[PDB]
Amino acid sequence: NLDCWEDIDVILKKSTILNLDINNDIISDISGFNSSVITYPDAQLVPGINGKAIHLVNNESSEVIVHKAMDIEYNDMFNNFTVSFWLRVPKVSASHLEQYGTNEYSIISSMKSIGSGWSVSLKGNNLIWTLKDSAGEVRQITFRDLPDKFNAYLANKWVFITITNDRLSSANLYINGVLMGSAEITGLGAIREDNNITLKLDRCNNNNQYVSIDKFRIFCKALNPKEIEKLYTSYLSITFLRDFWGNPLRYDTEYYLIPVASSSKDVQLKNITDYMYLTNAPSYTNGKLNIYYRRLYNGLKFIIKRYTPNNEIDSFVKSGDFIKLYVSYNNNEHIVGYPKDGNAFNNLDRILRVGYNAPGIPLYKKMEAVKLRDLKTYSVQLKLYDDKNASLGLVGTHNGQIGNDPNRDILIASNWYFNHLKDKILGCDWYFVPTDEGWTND
């Protein structure tokens, strides 16, 4: 066995030889080996999976260099190792796929005249892991991302990358703990890489290209699936809610809502004071490039507001936070709630109303933003309360009709969901999608 050095958490900690962390707006290695980290002028910091993350744009000043300490300098020459990091890449437009689809550029590398070592690179919608030994011998894992960009890994969402290397067998590439690619690597000689690990866009012809990298980490062993699962989920801090992209959910920000259980649906409004329902979102398809996705940014815009002042006006929404949900329609904001004795399906599934204002009729609008299930998904649940603080249920949808309107999946609040929180798919899970430069519909 060529690994180094029991409890999984202990193994993960002990086998870590490099761990980039960001505190006090400074990037440093907290592995204990103290490899020095050189941050260049245009390396930017942006919201991360748990704190801030490294943001790299396409210019010479945007880079972070890690100078390996002598104690780990030659750790991957003959022995096993694993590289892990959260990664976020913008969805590549149809135009850029045609124009730059064949341009392979590295983003993380240990390769310097022959360039032995390893590298993480991107080519169009392909994520590539490369190992090169001192003889120029090469081994690669090429991962072709899913055609459906709504579910793809290189389409603007934070995803967790993990690449294990067993010198006696093969290299395996994982995304969110799932095996996506592999390549036998036996027959490789010594790996003589550069003294530095460089995080930078190298040889990228698209000047507007950028990537985000977080928690860059290296282990001195080839992690097994169980360890990778624990590693991955260890970053999903359940106290802070996240938006569709994996970034922190924020107050006073416009979001489009999409039900996780019917991701091809957008939310629409019947009329002010009335109900909301689902409609099919338009879609984009390109046979030539073999890509497609339900288009985003259509439907109602929702805004989350603090029910009462939080900590120190923190901009991020915490699980357990009480809020007021509003719909921003024609520049006017209307609160979402359930009026006393309001129409409901079989007196159990309370039909939500937007901007309801019948005089003398109490409107229950106090909600709680929570994370009760599906840790790996960037979704949120919303619990509505009445005036006595009793639960009116979780926001979801119910199929049926109102008056003579067509059959529709109508937005409601129901306690029914609390008895099915273990289901794989549940109608009370919601994606909060904010407009982002990393995703423009073609």
Side-chain angles (χ1 to χ4, degrees), residues 1-5 11-20 29 31-38 63-85 87 104-123 126-143 161-174 179-203 213 215-225 227-228 231:
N1 172 289
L2 295 173
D3 294 318
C4 52
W5 182 72
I11 298 176
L12 288 174
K13 177 183 181 183
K14 290 187 174 181
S15 56
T16 297
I17 58 177
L18 176 56
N19 194 341
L20 295 189
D29 166 37
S31 63
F33 284 105
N34 296 307
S35 290
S36 70
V37 181
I38 305 297
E63 78 176 313
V64 180
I65 297 177
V66 179
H67 184 70
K68 293 136 55 187
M70 299 182 94
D71 306 296
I72 70 163
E73 202 194 325
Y74 312 127
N75 182 293
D76 77 337
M77 186 170 282
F78 298 108
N79 301 298
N80 297 175
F81 67 108
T82 292
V83 176
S84 64
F85 54 99
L87 170 71
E104 180 179 349
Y105 59 100
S106 299
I107 53 171
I108 310 174
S109 175
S110 70
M111 310 172 154
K112 177 62 179 59
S113 198
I114 195 201
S116 177
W118 54 264
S119 67
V120 174
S121 63
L122 293 159
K123 183 179 70 169
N126 299 299
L127 175 60
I128 303 164
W129 170 250
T130 307
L131 292 179
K132 176 180 290 183
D133 74 17
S134 61
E137 190 64 20
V138 168
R139 288 294 185 287
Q140 293 186 299
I141 295 178
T142 298
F143 174 67
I161 307 300
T162 308
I163 305 157
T164 65
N165 298 273
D166 183 337
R167 297 306 301 270
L168 297 182
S169 57
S170 62
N172 294 282
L173 181 169
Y174 303 75
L179 183 68
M180 299 298 174
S182 178
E184 196 175 307
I185 60 179
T186 52
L188 290 178
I191 291 183
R192 297 175 180 294
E193 68 191 16
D194 181 51
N195 199 305
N196 296 312
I197 292 179
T198 306
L199 282 70
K200 172 189 181 182
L201 309 204
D202 181 57
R203 296 180 182 179
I213 300 165
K215 316 301 180 185
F216 184 67
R217 191 168 176 177
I218 303 178
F219 302 80
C220 51
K221 73 168 294 188
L223 303 179
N224 60 215
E227 303 174 319
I228 298 176
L231 208 210

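In what follows, every heavy atom counts, from backbone to side chain, and hydrogens, waters and symmetry copies are set aside. One-based numbering along the sequence shown.
- Atom CD1 of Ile191 sits about 9.5 Å away from atom CE of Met77, to the nearest 0.5 Å.
- The minimum heavy-atom distance between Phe78 and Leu2, with the atom names listed, is O-CD1, 3.7 Å.
- Proximity of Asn79 to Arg167: side-chain heavy atoms (C-beta onward) are nowhere separated by under 4.5 Å.
- Residues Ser134 and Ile114 share a closest heavy-atom pair of O-CD1, 3.8 Å.
- With values rounded to the nearest 0.5 angstrom, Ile228 atom CD1 is found 5.5 Å from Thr164 atom OG1.
- Within a 6.0 Å sphere centred on CZ of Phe143, other residues, nucleotides and ligands contribute more than 12 heavy atoms.
- Remark: the backbone N or O of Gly115 is not paired with any side-chain donor or acceptor of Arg192 at under 3.5 angstrom.
- Heavy-atom minimum distance, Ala69 versus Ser35: N-OG, 3.1 Å.
- Here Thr198 pairs with nothing under the side-chain hydrogen bond (donor to acceptor under 3.5 Å, both in side chains) rule; sequence neighbours left out.
- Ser31 is linked by a side-chain hydrogen bond (donor to acceptor under 3.5 Å, both in side chains) to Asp29, counting only residues two or more places apart in sequence or in another chain.
- For the pair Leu18/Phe33, no side-chain contact is recorded, criterion being any heavy-atom separation below 4.5 Å from C-beta on.
- For the atom pair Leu223 CG and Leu12 CG, the distance stands at 6.0 Å (nearest 0.5 Å).
- Side chains of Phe216 and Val83 form a contact here, defined as non-hydrogen atoms less than 4.5 Å apart.
- Among residue pairs with one or both ends in residues 63-84, those qualifying as salt bridge (charged side-chain N to carboxylate O under 4.0 Å, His left out) are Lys68-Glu193; sequence neighbours excluded.
- Of all the heavy atoms in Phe85 and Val120, the pair that sits closest is CZ-CG1, 3.9 Å.
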Practice item. Mind running side chain to side chain contact (heavy atoms under 4.5 Å, CB included) on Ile107 and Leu87 for me, showing each step along the way? Key: CA-CA 10 Å; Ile107 53 171; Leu87 170 71; 3.8 Å; yes

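- To the nearest 0.5 angstrom, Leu131 atom CG is 9.0 Å from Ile163 atom CD1.
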Point to revise | Audit row: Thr16, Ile218, side chain to side chain contact (heavy atoms under 4.5 Å, CB included) steps and yes/no | key: CA-CA 6 Å; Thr16 297; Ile218 303 178; over 6 Å; no

**Study point:** side chain to side chain contact (heavy atoms under 4.5 Å, CB included) assessment of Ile128 paired with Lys123
**Key:** CA-CA 8 Å; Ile128 303 164; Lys123 183 179 70 169; 4.1 Å; yes

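- Closest approach of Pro225 to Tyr174, counting heavy atoms only: CG-OH, 4.0 Å.
- For the pair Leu231 and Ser84, the tightest heavy-atom approach, listed with the atom from each and the gap, is CD1-OG, 3.8 Å.
- Screening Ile197, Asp202, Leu201 for a side-chain contact (heavy atoms from CB on, under 4.5 Å) with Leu199, the sole residue that qualifies is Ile197.
- Take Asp3 and apply the side-chain hydrogen bond (donor to acceptor under 3.5 Å, both in side chains) test, not counting sequence neighbours, and it matches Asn1.
- Pairs passing the salt bridge (charged side-chain N to carboxylate O under 4.0 Å, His left out) check and including a residue from residues 126-139, sequence neighbours excluded, read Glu137-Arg139.
- Distance CG/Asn126 to CD1/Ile141: 13.5 Å, rounded to 0.5 Å.
- Atom CG of residue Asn165 and atom CH2 of residue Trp129 lie 5.0 Å apart, to the nearest 0.5 angstrom.
- The salt bridge (charged side-chain N to carboxylate O under 4.0 Å, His left out) pairs that include a residue from residues 216-225 are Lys221-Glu227, where partners are two or more places apart or lie in different chains.
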Check your understanding: Taking it one step at a time, do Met111 and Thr130 satisfy side chain to side chain contact (heavy atoms under 4.5 Å, CB included)?
Key -> CA-CA 10 Å; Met111 310 172 154; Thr130 307; 4.0 Å; yes

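- A side-chain N or O of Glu184 and one of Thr186 form a donor-acceptor pair less than 3.5 Å apart.
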